[PDB]
Amino acid sequence: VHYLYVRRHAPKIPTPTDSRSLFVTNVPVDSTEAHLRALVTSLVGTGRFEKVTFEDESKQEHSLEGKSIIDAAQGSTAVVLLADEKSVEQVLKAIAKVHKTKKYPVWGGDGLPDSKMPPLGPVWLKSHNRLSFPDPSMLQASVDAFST
Amino acid sequence: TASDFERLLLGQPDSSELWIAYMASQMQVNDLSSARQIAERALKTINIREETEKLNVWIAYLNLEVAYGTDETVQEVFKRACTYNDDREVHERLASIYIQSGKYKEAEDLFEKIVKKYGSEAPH
Amino acid sequence: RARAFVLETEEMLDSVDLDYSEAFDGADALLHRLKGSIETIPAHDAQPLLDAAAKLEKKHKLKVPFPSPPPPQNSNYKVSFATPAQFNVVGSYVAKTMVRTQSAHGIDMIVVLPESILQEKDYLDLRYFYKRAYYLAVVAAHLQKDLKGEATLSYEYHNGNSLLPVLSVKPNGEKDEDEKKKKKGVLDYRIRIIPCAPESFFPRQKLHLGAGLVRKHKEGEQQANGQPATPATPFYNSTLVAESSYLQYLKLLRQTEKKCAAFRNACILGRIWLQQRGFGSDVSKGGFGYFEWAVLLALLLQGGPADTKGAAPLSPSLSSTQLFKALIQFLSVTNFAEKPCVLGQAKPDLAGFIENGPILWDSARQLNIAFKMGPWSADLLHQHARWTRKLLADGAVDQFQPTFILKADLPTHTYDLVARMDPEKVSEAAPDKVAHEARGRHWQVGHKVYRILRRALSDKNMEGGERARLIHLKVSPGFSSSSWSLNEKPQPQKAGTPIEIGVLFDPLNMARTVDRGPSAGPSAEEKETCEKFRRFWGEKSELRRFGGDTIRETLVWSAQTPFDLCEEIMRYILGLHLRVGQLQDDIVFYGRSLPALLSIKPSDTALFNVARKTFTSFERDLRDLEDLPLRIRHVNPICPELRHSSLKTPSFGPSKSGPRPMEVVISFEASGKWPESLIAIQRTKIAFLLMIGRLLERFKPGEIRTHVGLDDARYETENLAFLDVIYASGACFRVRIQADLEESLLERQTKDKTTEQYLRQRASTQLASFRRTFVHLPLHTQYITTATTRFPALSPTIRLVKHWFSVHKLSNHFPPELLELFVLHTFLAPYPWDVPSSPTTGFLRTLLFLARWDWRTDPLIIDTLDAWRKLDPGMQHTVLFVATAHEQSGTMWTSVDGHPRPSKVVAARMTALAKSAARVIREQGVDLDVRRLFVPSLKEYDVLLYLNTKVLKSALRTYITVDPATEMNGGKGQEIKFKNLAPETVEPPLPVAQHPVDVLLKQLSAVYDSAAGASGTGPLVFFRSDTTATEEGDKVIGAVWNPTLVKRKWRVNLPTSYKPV
């Protein structure tokens, strides 16, 4: 089983773009917007999601560090964002029971199973489609506007 | 030994015969780069005026390099021997050296080049 | 150098020194007792052959004649035994130059027969040798009756001399200070009683080499202007003069000791030189030992140069360091290795060097000290002497401890053969007649194998340049017993004679299809009809037109993959001249990645063709001539394909291959218009590259197409873009731009960010990885492309070592240039072995030295430190240290990629598999069971996972141009075609046919490591799944949990999948 640890990010938020979020650690493999929105839907009595920032992975594949750790020009924790001040208070009271479902009075099997995104044949093939052969159209426009 | 040799070089720093005895002992004991260092320090620390002493160390270096050295270093020390000493003299000495060493063909080439260069005024 | 040598010689001497209570009394007890015994044995009547045989059948001890024994019709004389008259000690013990030899040594003692039993004619027809062995049997049996049966005994030969039989006594037990002497395995291990002759009895001027003292024919051996008709018998005459002259070299050696007592240390260093060079005084091994070394040092201290000047580094007031050095350089250059066989002879006092005749002569005694030497031992001594004069010539590294083992005696090509010459007339073409018996001393077959193979592998050019496939030759008779029992006359052998042939080739002319000869003569000259050619070759002699417009005698071989044209020469020449005895060589490392082209396998032509000629036409000149706002300076090929190091030898086409994208550097001129930031300087590079791209796609070579793709090789640089050009011959070239301000801005971005105090190591990692991918590859490929012309084994050695690391799961983290310079360490610094002239032997020395090198105290250095070892005592960030004149830091290709380095991670399993890969060699041998190196053990792994590709049959094999998987019919010829691989679309389905497990663990190489570290078949650098997803391997991933995680406290910068407890 995979454990999810949920605590309060709120006492350390002085910047506005990080506000009303959750301090999440040890996200599952390839944890994205769809997987998180799906689990937050499966939680009952729960609000809406908008976006995930600071989604640089530090666990589920090997190496020394992540991808976007330092800003080169000048822990896989994420900042998970919800709809408004009303919507964050109703996801927390539903997590205060999911750690208790192991001793819930029917059984401990009522927890949500996490269906992964398996890397299929042509889907993970996209990794080779950026090293040498991406589309020639978008790469022409991004280079000329920064020079102008 | 090296200590007695350093003592006699402290006693007579001009003495090129004991200098070449020192580098001769070092070509017996076969550290030839060390013998190169001895003859270099000879050219540096022998009293400056003594042309016969410095040319004795020069001729000894030429003999050293035609014996145990190579073609590149014999030409290089040929060049510096010219720029420091009398040109026709060092050509004549390298001629006699090739004569003794039996390298008669490269001897002949040097004979040609000296009779081109200094054949204008030298009959010898 | 000299001071280090004298101190290290002193510590070696202190290590191998002796004990005085050992010497006296351990040797003296038996010497005094045994001399008492031999003086108490009696003498008998002068007895003939029939009485000799009559007592020798009914006594338990037996006579030891060498064949042929004398018949009573040919033997008319008498044999008697008389009392011993004198005693002396000869060899190393009277000199006291001994050491503690771990295997064995034995001191000799000399018991000379008296004068009255001899006849002045006895130097003819073996009669003296027979009465010597009669002396032997009598003195031996009387030793048997005086010892009361407590010491055991064997028969033996001295120095391998087949005409010098000896008895060798062995003790059995140990008490404190008694007769028995077991615990002393050097001076008391062996005692050998040598029968010999008094001094100056036989005429030495007749005992000359050129005089034949074995008269077999009597009719026609005269009227020939002197004596060339009677054939010379140099081994027999030399044996005679040596046993008659055992005393003179004894006293000459002693007077050289007491006029120079550095002779002890010099002979000791010479002894260690010979035991580690494997030689000895035996006839099978050349007959170079203490006797020869000591008398030659005596000879060169009493002279040696041409004008009879005293040898310059050999004054009697010198030391052992310079005495050993001068002896080495004289064996090197003057007249003591090969020149005493081809170009000259030397004298005893007053000693001189004269330019004629093969002999190591002494005059007043008339003996060749090198009588047991052949031209084989001559060329071996020449290579050893040259290597040793260079090792004493260097002045930077320490060179006392690495000492030479003869890989030329034991190469990969030890062609074992059975040869059953029974009977001799149907199983030997060379007539072993009475003339050959009178000439050779039992080593007929040895001389034949040496001679036949040298004229088999020798070639000769147009301009007189002697150039061959052979430099050194050896025949070592395995299963040759020099000791034997007490009840038998010869040594009998019923398993035949095994003949090894250990050959070091010459790699510059090893793979040439042609064997050359003399001028195709109008009239048949003697070398046209001689024993080197058309009769000695047979059916393979023809006429071929050359490129130098002159007609010559020619041989045409075949170039193929699994073995060598040299081996084919061996099989046919042995089968035609020696005899039809079989020949085998099944040592298989040539089954590498085999490039699929015409005439499999291609020699050093394919890499040249594809990379160099398609890079000439058309990338270089069009990219230089292309009009652009910034002018191109340098376009420099820097791949393992250029520097002769690629694992796959690629072809035209194979876009599915890892090593096929060729990384290359192009820079622009010095302009200050580049911006001052990373993403801006990279978008300028992307703009420049897309302009190159549009011009090259609209120009007339428009069959080539371009595209701009990103990279993930360098960390935290996400807008790097390339031009990878797909030539009409399927070439691929990864291009890159440098900028001096880009280098300095990565320097400053490592310099900034002070206030966080924990990012300097990652900043230095990014910096030095940028340094790897940009800076040093130009000069590195220049150095290796220059080293290629002198070392022609380098490319296939790199293929074998890289393929070994590919099957042993290490090159996914190990960079390729690391292993490249690792094979270059044993190439340009081949000590303490010879030149790698074979790819398999190169793989073996890389295995040997990676196994025997320690990472803890020894840093490697190579000609192609004291500040990092203090803060890392346990070596957790670094283990390897790879430096040269190119890189002085030693930390560029080792600590930057991010190796885990405790004792149970990726970098720690390099050392564990190199030890065990040599344990297959010594115990069971080298055979078809050497396939266990190219399989993985797959042990000590915490979790193992099996993966499968979605491939059809023979994928990905055929499109890497390597041909396993025979279910494709025609992989042995040109069946597969690569011009159909030129795609219609640049999207899928062009990259569908790549390996979905190679890049599966590139992206699985970006996230964890603080939890775990694994290695798989995929990201093995510049390597595809062609040879490790078949019978030869398996596509697995093996993960080991790191020891720094057993349980820890809940933190934030944790990274690990961890469970609550």
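The deposited coordinates, according to the entry record, derive from cryo-EM at 4.7 Å resolution.

**Re the overall build of chain A**
Secondary structure assignment for chain A yields four helices and four strands. Radius of gyration (C-alpha) of chain A: 19 Å, far over the 15 Å computed for a compact globule of 148 residues. In terms of overall dimensions, chain A has a C-alpha envelope of 60 × 40 × 30 Å along the principal axes. Out of the 148 residues in chain A, the part that is buried amounts to 39%. Surface exposure of chain A reaches about 8,700 Å², of which carbon and sulfur atoms provide 64%. With 18 positive and 17 negative side-chain charges, chain A shows a spacing of 9 Å between the two charge centroids.

**What to know about the overall build of chain B**
Scanning chain B from terminus to terminus reveals seven helices and zero strands. When the helices and strands of chain B are listed from N to C terminus, the series reads α-α-α-α-α-α-α. Its C-alpha radius of gyration of 15 Å places chain B within 12% of the 14 Å reference for a compact globule of 124 residues. Counting all 124 residues of chain B, 37% fall into the buried class. As displayed, chain B has an accessible area near 7,300 Å², and 54% of this comes from carbon and sulfur atoms. Side chains of chain B carry 15 positive and 22 negative charges; the gap between the two charge centres is 3 Å.

**Things to note about the sheet that holds strand β4 (residues 165-170) of chain C**
Residue and element names in this part refer to chain C. Sheet architecture is open: six strands sit in the order β1-β2-β5-β4-β3-β10, paired in mixed fashion. Across the chains shown, the open sheet's two edge strands, defined by having one partner strand only, are β1 (88-90) and β10 (483-484). Both strand β2 (residues 106-112) and strand β5 (residues 190-196) contribute to a ladder of seven bridges, which runs parallel. Paired with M109 across the two strands is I193, which belongs to β5. Against the sheet, helix α6 (residues 246-259) touches β1, β2 and β5, its axis set at about 75 degrees to β1.

**Section: the packing of helix α7 (residues 263-276) of chain C against helix α8 (residues 290-301) of chain C**
Residue and element names in this part refer to chain C. Two numbers describe how α7 lies on α8: the axes approach to 10 Å, and their chain directions differ by 140 degrees. Taken together, the axes of α7 and α8 lie oblique to each other. The handedness of the crossing between α7 and α8 comes out as right-handed. Across the interface between the two elements, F263, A266, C267, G270, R271, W273 and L274 of α7 pack against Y290, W293, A294, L297 and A298 of α8. Residues belonging to the contact of α7 with α8 are distributed by class as follows: 10 nonpolar, one polar and one charged.

**Regarding the sheet that holds strand β17 (residues 721-726) of chain C**
Residue and element names in this part refer to chain C. What the five strands build is an open sheet, ordered β14-β15-β18-β17-β16; its pairing is mixed. Every other strand in the sheet has two partners, leaving β14 (632-637) and β16 (708-710) as the edge strands with one partner each. If you compare each strand with its neighbour and ignore which way they point, the axes differ by 35 degrees on average. With four bridges joining them, β14 and strand β15 (residues 662-668) adopt antiparallel strand pairing. From the neighbouring strand, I632 faces β15, where its bridge partner is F668.

**Quick look at the state of the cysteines**
Residues and elements named next belong to chain C. One pass over the structure, following the stated rule, counts zero disulfides over all chains. Free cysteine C260: the closest other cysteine sulfur is in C267, separated by 9.4 Å. Given the relative accessible area of 8%, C260 is considered buried.

**Remarks on the interface of chain A and chain C**
Taken together, the contacts link 41 residues of chain A with 53 residues of chain C. Both faces combined, the contact of chain A with chain C buries some 4,300 Å², and carbon together with sulfur accounts for 61% of it. The largest per-residue losses of area from chain A upon contact with chain C belong to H62, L64 and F133 of chain A, which jointly make up 18% of the total buried on that side. Linking chain A with chain C are one salt bridge, by the criterion used here. A salt bridge links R762 of chain C to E65 of chain A, with the nearest nitrogen and oxygen atoms 3.4 Å apart. Summed over the shared surface of chain A and chain C, the number is 20 residue pairs in polar contact. Sorting the residues of the side of chain A that touches chain C by element identifies β1 (5-8), β2 (21-25), α3 (128-131) and α4 (138-147) of chain A as the ones contributing at least two each. Among the residues forming the side of chain A that touches chain C, the class breakdown is 17 nonpolar, 17 polar and seven charged.

**Thoughts on the packing of aromatic side chains**
The geometry of an aromatic ring pair is captured by the separation of the ring centres together with the interplanar angle, meaning the angle of the planes. Under the defined criterion, the tally for this structure stands at 38 aromatic pairs over all chains. Every member of this aromatic cluster is reached through a ring pair, and the members are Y123, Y128, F129, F201, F202 and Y236 of chain C. Taking the ring centre of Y61 of chain B as reference, the NZ or CZ of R80 of chain B above it sits at 4.6 Å.

**Observations concerning the UniProt feature "repeat: TPR" (unreviewed entry) in chain B**
Residues given the UniProt feature "repeat: TPR" (unreviewed entry) here are residues 88-121 of chain B. The straight-line gap between the two end C-alpha atoms of residues 88-121 of chain B is 11 Å; of that span, 82% is helix and 0% is strand.

**Brief notes about a negative patch on the surface**
Residues and elements named next belong to chain B. Judged by side-chain charge, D71, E72, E106, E108 and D109 come together as a negatively charged surface patch. The element that contributes the greatest number of residues to the negative patch is helix α7 (residues 104-117), accounting for three residues. Classification of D109 as partly exposed rests on a relative accessible area of 48%.

**Remarks on helix α17 (residues 740-751) of chain C**
Each turn of an α-helix holds 3.6 residues, which means side chains three or four residues apart point in the same direction. All names here are of chain C. Taking 1.5 Å of rise per residue, 12 residues should cover 16 Å, and α17 covers 17 Å from first to last C-alpha, within 8% of that figure. Taken together, the buried positions of α17 are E742, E743, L745, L746, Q749 and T750. Burial along α17 is one-sided: seen end-on, the buried residues are contained in an arc of 165 degrees. Exposed and facing more than 90 degrees away from the buried side of α17 are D740 and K751. Packed against the buried residues of α17 are α16 (678-698), β18 (732-738) and α18 (760-774). In the stretch just after α17, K753 is the one whose phi turns positive, near 60 degrees.

**Things to note about the pairing of β1 of chain A**
Residue and element names in this part refer to chain A. Every second residue of β1 is oriented toward a common face, the buried set being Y5 and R7 and the non-buried set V6 and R8. Taken together, the four bridges between β1 and β2 define a ladder with antiparallel strand orientation. By the bridge assignment, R7 is partnered in β2 with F23.

**Description of the nonpolar core**
Residue and element names in this part refer to chain C. Counting 165 residues, the largest nonpolar core has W293, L331, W804 and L880 as its most contacted members. Those residues within four positions of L880 in sequence are excluded, and the remaining contacts are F814, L818, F822, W855, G890, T894, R901 and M910. Formed by 39 residues, the second largest nonpolar core is a distinct cluster that contains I666, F668, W674 and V708.

**Description of the arrangement of the chains**
Of all two pairs of chains that touch, the greatest number of contacts is found between chains A and C. Chain A makes no contact with chain B; the smallest distance between any of their C-alpha atoms is 51 Å.

**Notes on the side chain of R80 of chain B**
All names here are of chain B. Position of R80 relative to the elements: it lies in helix α5 (residues 71-84). By relative accessible area, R80 is classed as buried at 13%. Reaching out from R80, the side chain makes a polar contact with the side chain of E40 at a distance of 2.7 Å. Not counting the four nearest positions on each side in its chain, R80 is found in contact with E40, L43, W58 and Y61.

**What to know about helix α10 (residues 375-393) of chain C**
For α10 of chain C, spanning 19 residues, the distance from its first C-alpha to its last is 26 Å, which sits close to the expected 27 Å at 1.5 Å a residue. Among the 19 residues that make up α10 of chain C, 14 are buried, leaving the element largely enclosed by the rest of the structure.

**So, the pattern of salt bridges**
Residue and element names in this part refer to chain C. In total, this model carries 50 salt bridges over all chains according to the counting rule given. Among the ionic pairs, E39 bridges to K35, the shortest N-O distance being 3.8 Å. Linking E39 with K35, this pair stays in helix α2 (residues 20-40), spanning four residues, or about one helical turn. Looking at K35, the relative accessible area reads 9%, which means it is buried. Among the charged side chains, a salt-bridge network with shared partners connects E22, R100, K181, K184 and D188.

**Re a nonpolar patch on the surface**
Residues and elements named next belong to chain A. Among the surface-exposed residues, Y104, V106 and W107 lie close enough to one another that they form a single nonpolar patch of about 430 Å² accessible area. Summarising the element assignment, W107 is placed in the loop between α2 (85-95) and α3. You can call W107 exposed: its relative accessible area is 67%.

**Points about the side chain of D18 of chain A**
Residues and elements named next belong to chain A. Relative to the helices and strands, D18 is located in the loop between β1 and β2. Despite being buried, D18 has no salt bridge partner; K51 is the closest side chain of opposite charge, sitting 7.5 Å away. One polar contact links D18 to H9, side chain to side chain, over a distance of 3.2 Å.

Analysis parameters
- Residues numbered from 1 in each chain as written, not as in the entry; some residues may be left out.
- Chains lettered and ligands numbered in written order.
- Part of a larger assembly, values for the part shown.
- Heavy atoms only, no water.
- Helix = DSSP H or I, 4+ residues; strand = E, 2+ residues; numbered from the N terminus.
- Rg over C-alpha atoms; globule rule 2.2 N^0.38 Å.
- Buried < 20%, exposed > 50% of the residue type's maximum accessible area, 1.4 Å probe, protein only.
- Areas by Shrake-Rupley, 256 points an atom, 1.4 Å probe, with all protein chains shown as cover.
- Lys, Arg positive; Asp, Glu negative; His and termini not counted.
- Charge placed at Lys NZ, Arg CZ, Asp CG, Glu CD.
- Pairing = 2+ DSSP bridges.
- Contact = heavy atoms within 4.5 Å.
- Axes fitted to C-alpha atoms, helices over the stretch in contact; angles between N-to-C directions.
- Parallel < 35°, antiparallel > 145°, perpendicular 65-115°, else oblique.
- Left-handed = near helix turned anticlockwise from the far one by under 90°.
- Nonpolar A, V, L, I, M, F, W, Y, C, P; charged D, E, K, R; others polar.
- Disulfide = S-S within 2.5 Å.
- Buried area = accessible area lost by both parts, 1.4 Å probe.
- Salt bridge = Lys/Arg side-chain N within 4 Å of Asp/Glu carboxyl O.
- Polar contact = N/O pair within 3.5 Å; in protein donor to acceptor, adjacent residues only side chain to side chain.
- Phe/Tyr/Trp six-rings, centres within 6.5 Å; stacked < 30°, edge-to-face > 60°.
- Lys NZ or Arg CZ within 6 Å of the ring centre and 35° of its normal.
- UniProt positions renumbered as here; feature names shortened; annotations may be inferred.
- Patch = residues over 30% accessible without salt bridge, like charges linked within 9 Å, V, L, I, M, F, W, Y side chains within 5 Å.
- Expected span 1.5 Å × (residues − 1).
- Arc of directions from axis to C-beta.
- Core = buried A, V, L, I, M, F, W, Y, C linked by side-chain atoms within 4.5 Å.

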